[PDB]
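Structure first, commentary second.
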RNA sequence: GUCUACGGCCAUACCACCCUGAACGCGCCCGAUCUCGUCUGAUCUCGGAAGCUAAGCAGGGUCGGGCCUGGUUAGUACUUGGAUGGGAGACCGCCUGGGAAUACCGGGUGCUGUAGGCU
RNA sequence: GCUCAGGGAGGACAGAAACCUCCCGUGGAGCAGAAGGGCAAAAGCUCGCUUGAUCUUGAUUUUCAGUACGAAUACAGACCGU
RNA sequence: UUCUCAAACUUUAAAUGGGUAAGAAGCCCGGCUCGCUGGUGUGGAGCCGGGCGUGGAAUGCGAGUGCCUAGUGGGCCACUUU
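Put into structure tokens, the structure is as follows:
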């Protein structure tokens, strides 16, 4: 009782019924996966932005 | 009879190495680590101190990486020491040391950190290394490029490295390769290093020969005899030079004589010349055949 | 059922071009990558560390992270159904700058000089790339000689 | 001995040579590919005569062998042993597979090597016969004998070249005259005007 | 006229005692070369096990000693009397260098011993020119060019002119 | 005109052989006391400067090999889309667009960056 | 620090093959194993020292459902080696 | 030199095909923060405050987003590769 093993026949027809959606094109990317030596420093850059506000 | 190793097809196959690897001047394995910067710097120039010991000269440069071709920021050659006191013996450890001190104090002039970072003014042979001051502009950090020279204990390259370190350049190094390092017992001497720095390694050989015979001395040191260099003058001849470098490090270039414009060189034989030679040869071959019969 | 893996069918992809083996050109290591630099991927087989997977070889992303050796580059490998803006840590030898963005900002900066000029004057210069139009009516000078008559050569079998 | 050649006529499979992957193949029935007076000069066999395929089909090593024998047999009965040079300008490299039954079935099916077949394109030379200017109407007959030994359609072309060369018969005699060609065994050596002149000096000596 | 910077000399004299008799008969072969040369040799460890000859992989077969300069001339000097100041034509190699073989080590101011015995040592002369030492540096190395080499025909009229030693046929 | 030190692209730069190279260089080279190594001061290293550019090198040469780059081969091969086209098939033709590669044949033979020389 | 496979040409015993030299040698060797890719002052080879074959979070890749395990690439915090 | 070739060969090398880009989240001024990076108002990134709409290829179309969810998970045929 052998069967059909594999196909990709009807799959392209199915993928374009709701469309092959390009991913969520959003502003402000997350700082996820950024090197955590650089991200420490940028977090300190925002931490002390108050320091130079009377200059600003 | 055997096959031709270098066929008409060997050269279709054959890849040539890089021109600086073909000429046998650059180690691209050694260069691949020295020159390239951590790419999270974003164009911070990675400075390296180049020392290249020739037969008659010692070429000491400071360079940084550029895709066009690494740009030299400062360079002092050994043939600039005759304007400080070192007349002859240009290519010894003592004259190598002065060139390192020359390159150091010149760059520090060309930046404005001349008076800052004095370094070793009393030449010792200790492990001195430049430590930056809070407020004053930070010490110039660069790294030694030996080239294709085997770095055994007491290579002349480490003379010009010790010159830079005693000038005001914060270079990482160890005193394993500075002379006065014994490989068996593994201590380091200040004095035995200084014997090479001030040039008593040379002066003792001048004494050794002059004591032994006057044939093999007048051969070995012609210009030390010719230009009044005695073993007793030797030590102070470099001490006067060490303060003379720190007097006037700024370089005054040699002016060019006007280019008279004669070509010392054969310019390329053009197509109509290259094609006519063989046309004359195919006349010369056929005109000198008909005469035979 | 194919033999699964990572370097399966990369006999020619992560191969090096003919007479371009051996030492890597050192310009490849020392070109700067900022964040938001749109970068095209091409796995050099000589450097085995920090290779992309073969599904990214030829695909253009952009940098969200720069470390000592690699750049975190956001690429659009699709999937079966949808598309996923995903993040691969590719070492810099497997990477060039993309000249696709570097024909637009050249055209921004050039259509700004052609904007600044022809603004104050009242003169008007269209800045949209109008496509290659149907070519305008032109006179074709025949100069003395009649146009050459072509007629089909007859069949004659060579081999 | 083996199947009807109907079964392996058409170029079905990918070109499957005797290699490191396909080992255990028997030798082709065509050992010797050319015969006659093949130890001859260019300048004495001008008239080349070819057999040219109509179809994209596989001719067997054993059909090429029969055609070799049939063409040789007639040329000797016309011109004698030494009045021609016949070639076979195919080489049976495509290995033919046999899924042998003596109970196995289609379960675990990949054929053992049966023999070698010569894959032929359209307008491609199967056999070539260089002969003298006399025997123009014998190479036509000799190859027409051998067309019956092949499947599909073959066409006989009296080539415009000089024997087994790539140079025209009206130009070959006049190209050796200006030392642009050298007689070198069966074939000819075309000298370009591009080698070192010490080669040119050797020619005109 | 002549250019004395094209003066022909000996780069090195390469001597070997191939015994293939390791341990007892090889360590005593070192005493011969130290007498002959005046310097300690390096032992020749094998590449692979050949079984007909009776060697083994990395087993000490031979012992070699290369001598240079002043000493190298004197060691080659006395060997030529034992080959009676005459060499065959085909002793001389394509690339300038040559060699020959004196059969017994006793002929070189070396006296007999019932334990030392009757060794065979083998000479090879490396003929040189100023600037043959370009191709072995770590700085800029290069081929010496075909103009500068020593030929077999010139390596004769070195030996044939220098020593006035005849070069026999047959 | 040209070189040295460090280079960038990595044969238009390679390989073979031949000819000429002012000056500074670069080299062979000179020795082995120190430093450092070795079977051996050839190499590596150090201390030199008597003699030569002979080599390395540099530039030029070759109806040079290679390489790069055009032409050709050839709108051929192959191919996107099309037909109730042909043909027993094998396969081929047309329509609509794209369009290669050797053989053969010419042209070219390193450009050049920072820093310092020499004429 | 060297340069390999293989070949040329020489050298007492010594031959197809033991050893010592010179020359050529784009990889034709070797990189433990299958095969592919990669590599020449090395990734090969011979040595000198060695424990980054260590401890600790996270991110990411591959298979993928975009789950695991295995494997892996990039970091970062220590402590080390050279 | 020559005849004949390779799915597990290849210097070359298509057609169709896969990315990415074709602007206001964009460009150009400045200053300000940093414990990161350093010869260095250095290099980076982040923050405020700006000045600029000719909306910077063609054609068409209103897009976006979140839950809950059935059935299905035996398929088969033709064009062209295979």
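Protein chains in written order, with the UniProt record's numbering: chain A, 2 to 57; chain B, 3 to 295; chain C, 2 to 160; chain D, 2 to 103, 112 to 214; chain E, 8 to 177. Even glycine gets a Cβ: it sits at the ideal position worked out from N, Cα and C.
| Item | Value |
| --- | --- |
| Identity of the residues DSSP links to residue 159 (chain C) by a beta bridge | Its beta-bridge partners do not exist; DSSP assigns none. |
| Cross-chain neighbours of residue 106 (chain C) in chain A, by beta carbon under 8 Å | Result: empty, since nearest Cβ-Cβ is about 19 Å, beyond 8 Å. |
| C-beta contact flag for residue 134 (chain D) and residue 69 (chain D) at 7 Å | no |
| Residue 146 (chain D) - containing alpha helix (DSSP H), residue span | 145 to 155 |
| Straight-line Cα distance separating residue 69 (chain B) from residue 32 (chain C) | 7 Å |
| Contact set between residue 206 (chain D) and chain B, taken where Cβ atoms lie within less than 7 Å | 280, 283 |
| Option nearest residue 20 (chain B) by Cα separation, candidates B:31, B:137, B:223 | B:31 |
| Contact set between residue 134 (chain D) and chain C, taken where Cβ atoms lie within less than 7 Å | 160 |
| Short Cβ contact (7 Å threshold) for residue 145 (chain B) with residue 248 (chain B) | no |
| Residue range of the unbroken beta strand (DSSP E) whose run includes residue 89 (chain D) | 86 to 89 |
| Beta-carbon proximity of residue 99 (chain E) to residue 159 (chain E), cut-off 7 Å | yes |
| Chain C contact residues for residue 23 (chain A), given Cβ-Cβ distances below 8 Å | 77, 84 |
| Under 9 Å by beta carbon: chain C residues contacting residue 149 (chain D) | Chain C residues near residue 149 (chain D): none, gap ~15 Å exceeds 9 Å. |
| Near-chain B residues of the segment 15 to 40 of chain C - C-beta to any C-beta below 8 Å | 20, 21, 22, 23, 24, 25, 27, 28, 30, 31, 32, 33, 34, 35 |
| Top-ranked residue by Cα proximity to residue 92 (chain B), from B:193, B:60, B:64 | B:60 |
| Cα-Cα separation between residue 38 (chain C) and residue 97 (chain C), rounded to whole angstroms | 10 Å |
| Chain B residues whose Cβ lies nearer than 8 Å to that of residue 102 (chain E) | The premise fails here: residue 102 (chain E) is roughly 15 Å from chain B at the closest Cβ pair, so nothing lies under 8 Å. |
| Local conformation of residue 230 (chain B) per DSSP, three classes | coil |
| Classification of residue 80 (chain B) by the beta-carbon crowding that lies within 10 angstroms, buried from 16 upward | buried |
| Distance, residue 15 (chain A) Cα to residue 113 (chain C) Cα | 45 Å |
| Where residue 288 (chain B) meets chain D, residues with beta-carbon distance less than 9 Å | 213 |
| Residue 76 (chain D) versus residue 85 (chain D) - alpha carbon distance | 7 Å |
| Helix, strand or coil at residue 171 (chain E) [DSSP, three-state] | coil |
| Completely contained alpha helix (DSSP H) runs for the segment 155 to 236 of chain B, where each covers 4 or more residues | 159 to 167, 192 to 200, 202 to 214, 218 to 222, 224 to 228 |
| Residues sharing a beta bridge with residue 51 (chain E), DSSP | E:69 |
| The segment 189 to 202 of chain D / the segment 156 to 174 of chain D touching (three or more Cβ pairs under 8 Å) | yes |
| Status (buried if at least 16 other CB within 10 Å, exposed otherwise) for residue 77 (chain E) | exposed |
| Every unbroken beta strand (DSSP E) within the segment 89 to 120 of chain E, with a cutoff of 3 residues, ordered by chain | 93 to 95, 105 to 107 |
| Cβ of residue 27 (chain B) within 7 Å of any chain C Cβ | no |
| Proximity to residue 51 (chain D) [Cα-Cα], best of D:209, D:6, D:156 | D:156 |
| Beta carbon of residue 33 (chain D) nearer than 7 Å to that of residue 87 (chain D) | no |
| Cβ pair count under 8 Å reaching 3, the segment 25 to 36 of chain E against the segment 131 to 138 of chain E | no |
| Close Cβ partners of residue 71 (chain C) (< 8 Å) along its chain, the five nearest in sequence each way excluded | 51, 90, 91, 92, 93 |
| Residue span of the alpha helix (DSSP H) that contains residue 43 (chain A), given as start and end | 39 to 48 |
| Sheet register partners of residue 125 (chain B) (DSSP bridge) | In the DSSP output, where bridge partners are listed per residue, residue 125 (chain B) has none listed. |
| Residue 130 (chain D) classed as buried or exposed, judged by whether at least 16 other C-beta atoms fall within 10 angstroms | exposed |
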